[PDB]
Structure formats: C-alpha cells, structure tokens
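As structure tokens, the next two blocks hold two forms of the same chain, structure 1 and structure 2.
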Structure 1
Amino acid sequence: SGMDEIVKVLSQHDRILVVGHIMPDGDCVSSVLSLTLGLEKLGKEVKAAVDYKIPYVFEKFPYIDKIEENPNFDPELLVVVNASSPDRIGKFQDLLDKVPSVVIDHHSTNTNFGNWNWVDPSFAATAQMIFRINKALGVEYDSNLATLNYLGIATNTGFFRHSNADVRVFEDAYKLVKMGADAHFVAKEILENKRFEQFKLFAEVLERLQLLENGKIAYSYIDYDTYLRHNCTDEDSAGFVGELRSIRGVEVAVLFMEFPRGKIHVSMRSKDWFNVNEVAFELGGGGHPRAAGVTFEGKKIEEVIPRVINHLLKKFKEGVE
C-alpha cells in the first residue's frame, strides 16, 4: 500500500521484470530505466520491457537499449510502473495471473491491479516515486542515473511549466541536478529534435482546425493517410496538442490521431480550469486535470470525433455556474 511495503517486496525478490506502458512517454522511460538500473546496482537480475516502439527522441539516452519489446525472461516478480490499468501494458498483462506483481504509479484512476500497490496522485511523475524508492534502497546515483530520473519529472511537468510543477517537483529537480543530471541534454533531445517534416504536418493540423464556444474549444485530426503523405508517424505529432493549447483564448485543445491504421488516439489539454481527465475517464481512458487521453481501435474517425467532442461539449457547458 505504501512505499515502505513496496521497498520490502523489491528487496525480497531477485529476478525482476520492470514493465511500463504502451505509447511510452518520458515518465515511462524514466521510471522503467531508473528502477531497473537501481535494482541492478543492488545485484538483482532485471529486465525491462514495454510492448511498443520506443520513440526516436530517446535514442541517445544512456541504457535506452535495456528496454526490450520481446524479452525472454523467467521473472519472480513483475513491477508495473506509470500505468493505470492492466490494458496499459499491452501483452504483458498476461503475466498478471502468473507472476506476483507490484504497481508503482501516480495516476488517481489506477485500478490497484498488483498484489502490492503504491499509488500516490500527489506526485507529478512516477519518476518521483522511483527516486524515493531508490534512495530508500540505498542506490548510489551517478550522473547517468540522475539524468534518467530527471527525465520523467521534466517531461511530465512540461519542463516546469504545467500546473503540477509544485515545490516538491522543483526540489527533486534541484536534488537530481546536484547529483549530475544533464538537464540540457534532456531538453535538447526531447524538445530540440524536430524533423522538418513536422512543420508541414502541423500546418495541415491548423488547416483542419475547428473552433467551438467562441474559440475556447479547438480540435483537429490527422488521419493515417496524412501521416503517410508527410513521411511522419505518431512520434512526429507528440507536441501538437500542446501547441494548439498555446493559442490565446483557447481553454481546451483536442487532437485526434489515427496511427497506425484503425487506431485513433485522442489527446486532450486544458489551460485554466476545465478538467479533461473527467472527459477521458468517462470515455474509457484517463489522465490528469489538464492533460488526458483515450484510445480507440477498429473505429472510424467520423464516429470518434462526434462522440468525443459532443461529450466534451456537454461537460464544458455544464462547467459554468
């Protein structure tokens, strides 16, 4: 339930598979690698896995190749990090009935699907919880480990810009930079790594932009054929919904992205007050008050857009009193 029990369980087991969520992000990579490396420093036999391609922006990060897609491994313990439901780890959810499991997560909707669960939504990033676990285990940080742990705190707060960048976030960042975290490397690789093809793709997104409610709601979409024409994938569009939110006067931005064929990811971002996690959760996804999402399979963009936007529109209009 709490950190102390999870530390004990981690200490009790030797052969550990650490698993993160599909469509991984910086906090997934950060949490998986920081815990994996910490456990290896203790002398444990560990592998790391995500049922998804790792985005190109992580290619230069130290030890990124320890995250596998198809590990061959006989674990005594499964550790699932940064993932709110079993569906979020893809094919590794088949291990949940076979191998004892620990969940470590900061999402408030986490279904507590492990044998042991430490879920604390007062953190901005699961990487903050791994930092505390590692310190409680006595793991000594070098600059690479500090850089890897800094990654998730930076990305989940928008590099200290979002509503979740509180005192504890800045304190953790300071501690990690003091330990040698390369904050410039992290920002360069995540934020200054744009393929030029992105700009043309984003122009098409602006072309298709739709405005509702005096311009306070904005949404657009990228169908699969459009990714193809621009020689782009979902890795290329990762910053787009935040760019739509940055438009003056917009309170909610929504981007629908079909990649690969038939899989529609819906990203939602809000600015001052609208709780987008409430919309996402009711649609079957999850997230946070200012950033949330949901994913559909086998469905048509002509049906997802009205279903999502009509539900969002209703909840937005109700949010006035």
Structure 2
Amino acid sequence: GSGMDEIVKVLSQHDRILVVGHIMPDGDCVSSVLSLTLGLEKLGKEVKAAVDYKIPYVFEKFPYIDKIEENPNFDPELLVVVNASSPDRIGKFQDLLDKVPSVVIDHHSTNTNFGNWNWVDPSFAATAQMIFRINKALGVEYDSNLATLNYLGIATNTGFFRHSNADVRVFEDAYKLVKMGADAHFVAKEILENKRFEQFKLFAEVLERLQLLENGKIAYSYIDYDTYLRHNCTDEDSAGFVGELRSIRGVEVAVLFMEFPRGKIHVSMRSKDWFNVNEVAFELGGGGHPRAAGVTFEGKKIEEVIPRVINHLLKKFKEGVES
C-alpha cells in the first residue's frame, strides 16, 4: 500500500483534521492519537482528537489527555484513524468513512486497509513509532510533553522493553524521546503503579481456575462475566493477567478467556520461546504476533469457547513438538 511519504503528503495538504483512535483504547492508542494531534497542531492545523469510548483511569494524569473527546463538534476535511485494524474498531466514527477522505496509520498486520490512503507496517512494535516518524518528516519539533506522550505507546507495546519486539529500533526511538525530555518514570508509574485492590482479588480468581496441560507447558484460566461483576471489575482490570501466567517457570503458552460483556469472549494468548500463537489465533478467526495474539467471539458460551480453543491449541502444540 501507501508508504510513509504518501501519508506525509496527504497530511500536509489538509488543515482541518479529526484524529480517531479505537474503542477499548490502550497505551499505543492514546500515544498515537495525542502525538499525532499535537504534532499536527504544531504545524498550525486545526485538529480534534476522538475515541468513542471511556478513557481508562491510568491515563487521567497524562498531559493533554482531555484533548481526546467523545463528542467532537467538528467538520473535518480529513479523518486520520490510528492503531485501529478495522472500521468497527472506531465505534460511531466509522460513519465518517462514507463522508470524509480518510488516512489509516497502523502496525497491525490484520488491518483491512479501509482508508483512502493506508500506511500499515507490521514491523513496528507500536503505531506510536510510525507517528514519531511522520511528525519528524513533517518538521515537527518535540518538547518534553510531546516526547512523553510519544514514548507511552513504545513502552506499553514492548512491555516496557521486555518483549521479543524490544529491538534496536525500539531502543533507538526510546533513547531519542528520553533525550528530548520524555518522562519515562512518569509513564511507568501511571500505567503500572495504579493497581486496584479488586484487581488482586480478580487475579486470585484466575489462579483458582488455573489449569496446566502438556507437562506444565500450557497454562490457561478464565474470567466469566459474573466473576467480573463480583469484583466490581471490567476487562480493563484484567490487563496483563495473561502475561503473569506466561511468567510461570516452564510455561511455553498461556491463554486467558475473558467474558465481558455477556457472551463476548475474548481469548488472549501469550508464548515464551517458540510456539507461534498468531498461527493458532488466525486459524480461530483472530490474529496477532508470534508471542502475543488473540481472538474474540460473539454470541457463545464461555463453556463452548474454552474447550474448542484448547483443543486447537493442543493439536497445534503437538504438531509443533514433532519438529
């Protein structure tokens, strides 16, 4: 599809821009939305930012977080959708795709290329890294606030420099941003040192349901909808739980099944050394990365999804072991 140079040209040609992120926004969504919005505003453009979803509490102290609106009153010339793989992921703003020329910028290999112009590069760990390069190509100069906001998505999507994607390019980008004043400690404190007591109790439920398979190489658990309700939690509160299960010594693949809301089952998969969970996810209707992937089902009992997913995982695991 289009490369960065074409996207930079299109952005340079329009001065009234609506930047839209996806529902259930994460660090890379917030980082990409705000870094692009503020970068474009430094070029003098009139820019609003929007997400059709509540912003998670861990973002509440971030500079300019209030710039992300739920109901922008705005007549944009250009819609720029960041970090969203498909039109359904941007909620009510998908209606604008029929009316406003659109740019898509994303790192997800599952992106449906739904914009008029699309720059999709799955070699980046974070869409925020693509925004960083676009801002530089446009001539934007960062201050510490913009550096912090752009650092956020690189940090969150690499697990704060822990996952397999924490490579030279990630460390180069992070060093550049920290040199420009990015507050790495602030970002870690707000994202990671903000636990609710209810989250400890919710993870205790996960451990109570934990099952090991294949001589300890596979671990899985689940959170049904009533269990979220019992602890005054949503699927916001189980973020990172599946990584805790992968962190068990000897576990190669961890899987967590999450029902929220009723009958919506999200399956999060993580692997350690060799098992390609993106292949298992894709075969089930989802996708992702070799070490972290997922799939989402609508209209199914958690009791039906769990054994079907575990069955396919076990068959793929046995096939993988046989060299």
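Heads up, when I say rigid core I mean the largest set of C-alphas that superpose within 1.5 Å between the two forms. Sequence positions of structure 1, starting at 1, serve as the residue numbers.
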- Query: Once you line up the core, how about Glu282: does its CA shift reach 2 Å between the two structures?
  - Reply: yes
- After fitting the rigid core, is the C-alpha of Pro71 off by 2 Å or more between the two structures? yes
- Note on the structure: Taking the rigid core as reference, the Cα of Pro62 travels between the two structures a distance in Å of 0.7
- Shift in Å of the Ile89 Cα between the two structures [rigid core superposition]: 2.0
- Item | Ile22 CA shift between the two structures in angstrom, with the core used for superposition | 2.0
